[PDB]
Each structure stands twice: as C-alpha cells, then as structure tokens.
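Geometric and topological summary
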Amino acid sequence: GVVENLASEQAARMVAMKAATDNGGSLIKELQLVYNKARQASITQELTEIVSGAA
Amino acid sequence: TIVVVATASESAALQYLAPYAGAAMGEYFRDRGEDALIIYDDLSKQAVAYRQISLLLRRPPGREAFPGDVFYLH
Amino acid sequence: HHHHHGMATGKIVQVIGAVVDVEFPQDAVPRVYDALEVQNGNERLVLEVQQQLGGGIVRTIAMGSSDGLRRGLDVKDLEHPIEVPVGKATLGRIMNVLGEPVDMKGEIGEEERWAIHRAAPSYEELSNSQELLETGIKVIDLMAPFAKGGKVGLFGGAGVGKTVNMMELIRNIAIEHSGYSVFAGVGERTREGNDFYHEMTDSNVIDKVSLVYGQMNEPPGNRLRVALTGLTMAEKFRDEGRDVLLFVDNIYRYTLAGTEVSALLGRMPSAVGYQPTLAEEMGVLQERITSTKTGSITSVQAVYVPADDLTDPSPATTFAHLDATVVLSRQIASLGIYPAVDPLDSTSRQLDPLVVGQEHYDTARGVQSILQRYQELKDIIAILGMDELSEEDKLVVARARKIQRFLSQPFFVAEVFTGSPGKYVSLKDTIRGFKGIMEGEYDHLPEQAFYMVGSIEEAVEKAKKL
C-alpha cells in the first residue's frame, strides 16, 4: 500500500504542475499584453521633441 | 555652525547661486589652514532654480526646460 | 491630369524639393483637383494644388518629378478639374495610376472621360436596406453572412492566397451574380507583377478585372494616387446595372504615404506617428462601398495592421471601419484541406445572432458549439489517454473531424488549374446538413471518401458508393 503515496504525490505534482503551469504563472504572460500599450508611451518621448527638436 | 536660510518664495539668486555665494562665508575656514565642511542639502530644489530664469527668456538648453548648469556649474 | 483650356498661367519662382511653388495667375487661381500642366523639361508634369494662395505662388504638390527644371518654368491653366479617362470598359487589361495602362496598349480600354473625383457616401436613391450576399460556398457563405456591397476585412497569414480567392471568386461570383470584379494595388513588388500576372492566364480573369497597381519604385504622390482609378472606374459599372467589386492590396502605402506626406510637410497632425487625415479618408472611403439601387459596390478590405497596434489607427480604423474580418491560420491548411479559413473568429454580427433565421441560428449555434465544445476533446485529451473516451469523445471527434474535413467544398479554382471539380456549394446542403447529420446521425461517412465533396449533398452518396 505504499505505492499510493509516491504515485499520488508524483501524479498530484505532475497534474498540478501541468494544469497550473498554463493557468497560474502563464497568467502573468497576460500582463505582457499590457506591454503592447507601453510602446505607446514611447510616442510621448517624441512629444519632448516638440519642445526641442521640432520646436 | 552657520546655515544659509532660504524660503520657498525667495529670489532665484540664492538657490540658483548658492555655491557662488556660499564660498565667501564658508571659505574662511577652508582656505586658512583649518577644517571645514559644506553640507549641500536639497540639490533638486536648487539646480532647478535656474530653470524658471531660462525658459522665460526664450532659451532652451537642458532637458525638460533646464539650463547649462549640469556640465558648467558642477 | 486636367483638361487645359487656354494654356496661359505664368512663370515660376522657387523649385526646391517637391514643393511646386510656381507663380501662375494673379487673381485667377484654379480648384483643388484642377492641376496645372507645366512644361518642366520635356514632359507635361502636372501638380495638384492642395492649397491656393494669393499672389500666384500656391502650395502645390506634384506626383512624379519635373525631370530637371529651372527656376522659371512655364505653366498652363486648366478648366475641367481631374479629367482622366476611365469607364466600365477597363475590364480587359492592366491599368496604371493615371488612367493609362501598364501591360499592353490602349490606356486600359479608352472609353469615357468624366471627373476622377467620384462621390463618397450618399443616400436618397441609394439602397438603405443593406441586403445580404451569398458567395456560394460551405465555409464562406454558410459560416459568415456577408452583406451585398460591403467592405469585409481580412486577417490571418497564408493558406489560401491570391490564386484561390481570385480563381475561386472570378468564376463563381462572376457567373452566380451579374457584375465585374476589379482589383487594385498600392505598394507591391517589382517582380511579383512578372509572376502573379501569369495567374491571369490560368483562370481567365484578365478580361474581367482591371489590375491597377503602382508597385513601389515611385514616391508617395506618384504611387498613392490610385484612389481615382478605382472610384472613377468602378462607378461606371455599379451605377449602370452591374455590381463593382474592387480589391485593395495593403495599407502601408496609404498609411505611410499619408502620414509621412501629411506630417512631413511642416504641419502638426495626430499623435503616435499618425496624421489627422485618417478619419476623413478612412471614414469617407470606408462608407463609399455601399449598396445602391443600380448595383452593390463591394470592395475587399485587405488592410494590413501595424503588428496589432491598438494605440494607432490600424486597429481602430480597420476594426471600426470594416465589417466582418475572417482569419486564416496554418492549422486548417497544414493538415491537407481545401479551405484554409477556420470557423473560429470568422463571422459577422448578423451571422450567429438572432437576426437571421433558424437555418443560420441553428447552423451557427450547432457548428460553433460543436466546434468549440469538440476542439478540446482531441487536443487537451491527447496528453493523458483515450481510455476515458465515451460517446461525447467519439461522436464529437468523428463529427468534428468528418464535418471539418468534409465541409471544405472545392470551388472553381481547381477546375481549370488542378483538375478537381465541385462547382459551388449551396446554402440548403450546408445549412440543412451540418446541423443534423454532423452531430449524431448517419455515421457512415469516413475521412477519405468524404473529402472533396460539395457541402453535404455529395457526402451522402460517398458513404455508400465509395
């Protein structure tokens, strides 16, 4: 009966790591979508040119 | 110890020219064979003091409307 | 490009760059589209006056160049503004950017010669009912109800290509509906014209389409001025009895030429590297392709976004100016199917809601719910095993695989190029067969005999005859 501890621990860690790897930490990748707007902030770097370069 | 007191509604020559004016009152203990110290506190509130006197006269030099005191006065 | 009547005007002044600051007449300036055919060098280089000024030196901008001119070039006055040659007889050869040709002779069929600046959007006599269209396919018409004379967007990568859309749309839409489907092109390659045009010899569309492309060797004003040929040449066939259907190439020429030319002229405009003329050209040009009483004006909205730029005008103008946007990924074409357009994210607002009927609502709800509910039983269950496969996995996998692999009916693109037939898929077979026999009824069709079948009409005899 000791096989249920290693099989349940390895199966629970493999199923929890495979299922949680696409919903937990992978959810942080959704924050990278916000980075798609961060490039718009780079356009603000051109606004300062209106007070220097473009005058 | 002495301390040059300056309010927020004072002239721009004190905060913008604190280093050129503080040497006359702080150079008596440094250039005479004794120990001296200059506690230059609140720099961001002083280096920008020359900004309002630079952007109002139609003259751009530093970043975000600033003068040329970062490479000459330093 | 204007009708000169008099040939007077005056001399010039400054000629630095592309700014045509020629001093023509004093108190006799022309219109906006009335260009002055100046004799700069040898040819008659015309310059469109974008903004008139007093004295004579007006802010004009030419298309090409002056080919070496002096400081005092003689100009000429015109009368008719934007007098180019077009008409409904342009379906026969490749067109240019000024109403002339690019392939053979004849100026792309010389016929009428009216105003090049056509009307944008109008009502009253125009069709305000906005009827639906039918392309005649099981994975284009049955999955997305397109409107008659609309600007449907496009997305995705490769898979279909120009040969499948041009060859499949140049025979089914041309015979199933009366009308001439033309094309355009702004910002293409110099070698593609020596290869893609060969496709016109493999589908017989050169005699029914006016290829108006500008390539990319010219500047912005000489290559981005292809809007007068499509609007001026497409209005002669759509307002006579036929239905015009243009096809754009990309948005890099109009966006780069419009933003760079409108923002690099010494004037401020929009932000994020954009210009202030995007709402007028996108809103006025996007609403011009509408249905009328004499014919529907359709146009293939093939705009290219700037790598999914939501802060710029590509996602807002492309997603807010067009209607339905179909996407074609590599998963539908990498397995070995005919149609590369997937059923996910490829529908309009009146194709899956309660604004059609029981056929479109039952077929869209059953195909969308069966595809979305069956797409996870073959991909997410492959990492574990097939031991827990009940009736939902076998029925959803067999119905989803057989319906997805058998719903791609072949059109007339491979009938004169590869050799496979199929004719055109009807709406009764795809709308009355994919909602009942593709869920849990008549499970006798396999995967090899169900391929290359016209909707669900040809798949019934293949299960017992093959």
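Residues numbered from 1 in each chain as written, not as in the entry; some residues may be left out. Chains lettered and ligands numbered in written order. Part of a larger assembly, values for the part shown. Heavy atoms only, no water. Residues with missing side-chain atoms left out of burial classes, pairs and counts.

What the entry reports as its method is cryo-EM, with 8.53 Å given for the resolution.

Attention shifts here to the overall build of chain C. If you tally the helices and strands in chain C, you get 13 helices and 10 strands. A principal-axis box enclosing the C-alpha atoms of chain C has dimensions of 85 × 45 × 45 Å. Counting contacts in chain C only where the partners sit at least 6 residues apart, residues at least 24 apart contribute 69% of the total. (Helix = DSSP H or I, 4+ residues; strand = E, 2+ residues; numbered from the N terminus. Contact = heavy atoms within 4.5 Å.)

Broken down by element type, chain B carries 4 helices and 0 strands. Beginning at the N terminus, the succession of helices and strands in chain B can be written as α-α-α-α. C-alpha extents for chain B along the principal axes are approximately 45 × 25 × 15 Å.

On to the domain arrangement of chain C. Examined at the domain level, chain C breaks down into domain 1 (9-81), domain 2 (82-350) and domain 3 (351-466). Domain 1 of chain C and domain 2 of chain C are separated by 32 Å when their C-alpha centres are compared. (Domains from an automatic or database assignment.)

As a further point, take the pairing of strand β5 (residues 59-62) of chain C. All names here are of chain C. Here strand β2 (residues 19-20) runs beside β5; their pairing, made up of 2 bridges, is antiparallel. Residue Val 20 lies in a different strand from β5, and its bridge partner there is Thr 60. The pairing of strand β4 (residues 45-51) with β5 spans 4 bridges and is antiparallel. Paired with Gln 51 across the bridge in β5 is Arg 59. (Pairing = 2+ DSSP bridges.)

With that out of the way, let us pick up the sheet that holds β4(C). Read from one edge to the other, the open sheet built from 4 strands follows the order β2-β5-β4-β3 (chain C), with strand pairing classed as antiparallel. Lying at the two open borders of the sheet, with one neighbouring strand each, are β2 and β3 (36-38) of chain C.

This part is about the pairing of β4(C). On any regular strand, side chains alternate: one points to one face of the sheet, the next to the other face. Residue and element names in this part refer to chain C. One ladder, built from 3 bridges, connects β3 with β4; its direction is antiparallel. Note that in β4 the partner of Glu 37 across the bridge is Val 46. In this antiparallel pair of consecutive strands, β3 and β4, the connection spans 6 residues, and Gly 41 shows a positive phi of 80 degrees.

Here we take up the environment of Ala36(B). Residues and elements named next belong to chain B. Along the chain, the position of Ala 36 falls in the loop between α2 (18-26) and α3 (44-47). Separated by 26 residues in sequence, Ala 36 and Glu 10 place their C-alpha atoms 27 Å apart. Among residues more than four places away in sequence, those in contact with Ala 36 are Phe 29 and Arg 30.

With that out of the way, let us pick up the arrangement of the chains. Chain A makes no contact with chain B; the smallest distance between any of their C-alpha atoms is 7 Å. Chain B makes no contact with chain C; the smallest distance between any of their C-alpha atoms is 20 Å.

We now examine the UniProt feature "binding site: ATP" in chain C. Residue and element names in this part refer to chain C. The UniProt entry lists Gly 156, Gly 157, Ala 158, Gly 159, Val 160, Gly 161, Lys 162 and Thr 163 under the feature "binding site: ATP", expressed in the numbering used here. Along the chain, the position of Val 160 falls in the loop between β7 (153-154) and α1 (162-169). Looking at where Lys 162 falls in the secondary structure, it is placed in helix α1. (UniProt positions renumbered as here; feature names shortened; annotations may be inferred.)

Excluding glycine, residues mostly have negative phi values, and the peptide bonds linking residues are mostly trans. Here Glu64(B), not a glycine, exhibits a phi torsion of approximately 55 degrees, which is positive. Tracing the sequence through the fold places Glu64(B) in the segment after α4 (52-55). We note that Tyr442(C) has phi near 55 degrees; this positive angle belongs to a residue other than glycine. Structurally, the position occupied by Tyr442(C) is in the loop between α12 (427-431) and α13 (459-465).

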